[PDB]
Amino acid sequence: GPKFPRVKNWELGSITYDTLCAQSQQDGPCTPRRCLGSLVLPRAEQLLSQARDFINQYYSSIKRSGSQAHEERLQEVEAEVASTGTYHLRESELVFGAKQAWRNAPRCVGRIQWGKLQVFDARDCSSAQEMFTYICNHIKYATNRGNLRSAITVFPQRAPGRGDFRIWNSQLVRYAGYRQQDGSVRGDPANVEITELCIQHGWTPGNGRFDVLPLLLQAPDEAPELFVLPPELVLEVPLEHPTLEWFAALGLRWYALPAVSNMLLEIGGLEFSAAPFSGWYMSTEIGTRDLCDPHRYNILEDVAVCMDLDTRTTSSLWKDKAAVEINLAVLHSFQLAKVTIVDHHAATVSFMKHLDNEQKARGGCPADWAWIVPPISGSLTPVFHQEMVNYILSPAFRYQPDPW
């Protein structure tokens, strides 16, 4: 009977109703006529009502809803907008909003960790050199010699008629992709453009499969400046397999720290164009997507040849078998090197726990089924059997187009 989306788990037969989706103040790309759930990108008074709503969220979370401190903050916000066209978050409001944005992110399977996020405030930053210092500090804290810690650094918000703080790299740590004489790519094909941009801005490039890119950092109304990360700060894990002795001879490696640098963090209508955040990897990200996507490192055939598989027919399941060993290699190598990582089984189990916590706390959890289900062994994980409702809540992270 409840007038809210009914949500079922088909493994366990259990039912919930999502009431949180009523809080959503932003349309996705679906209509009654057609579902667009699988698209990667969907394409004055406004600020105030967004600001008012965020402040209500803040005072709810500290249980001071309706208090005069709440009403005074409301009054203080609209008087700021009244005279400057914008307003500013208090420190504890920023901390709240950043965690809430992570909590609200439908595509993230790691949200059980949402309440544990180090928020570095960098809203004082005023140069690209200073952005560099801030980022190096973030990487150091976040990496913590392999005992990885979730973190976000928040640079100054968009200002009317002032250029943006931007990190040009899509991640803080990524490998170069060098377009070759014969059309092929050495390194990571995903990163051909950013690699070419780094060179155009004066970077002397390497010639390897795994060259850490430098950072391209843009302070307001200036050309971006180039910064090389000192190698001692970028922790990497050489890949070996627990029983296949030859795997180490492949010279494969990956970096410890997954750190998104190109997303817009929106809080109460305010927009933080540079606010890089980092966690730790789920092993499928490296072992399945990064290493096996045809349009990435594409190592599946090489590994299956080493494994002596029949690569000439689909029904030998050579792709499936090779992908499994590569994944096991990612896990074993990170474990050996004492770098935090989580396999897709533990990650999804922990996300089911998170669904249950959020059901109690907020009456639902926005989630993108296609992104939550891992790219190998999907139905072997509990999330495969769990219906999910997807909607946009704010605070939010947002994809933003490349600044070039």
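One-based numbering along the sequence shown.
Going from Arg43 to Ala44, the model skips 10 or more deposited residues, which lack coordinates. Taking the mean C-alpha B-factor of each stretch as recorded, 366 to 374 and 332 to 340 are not equal, and the higher mean is that of 332 to 340. When the two stretches 78 to 86 and 240 to 248 are set side by side, the higher mean Cα temperature factor goes to 78 to 86.
Taking only the listed residues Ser261, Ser184, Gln100, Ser273, the entry reports the highest CA temperature factor at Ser184. The entry assigns its greatest Cα B factor, within the set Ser14, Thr381, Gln386, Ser24, to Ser24. Split the chain's modelled residues into thirds by C-alpha temperature factor. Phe155 is in the middle one.
Sort the modelled residues of the chain by CA B factor and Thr288 lands in the lowest third. In the deposited entry, the Cα temperature factor of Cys30 sits in the middle third of values across the chain's modelled residues.
The deposited CA B-factor of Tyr59 belongs to the highest third of values across its chain. The PDB entry assigns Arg52 a C-alpha temperature factor belonging to the highest third of its chain's modelled residues.
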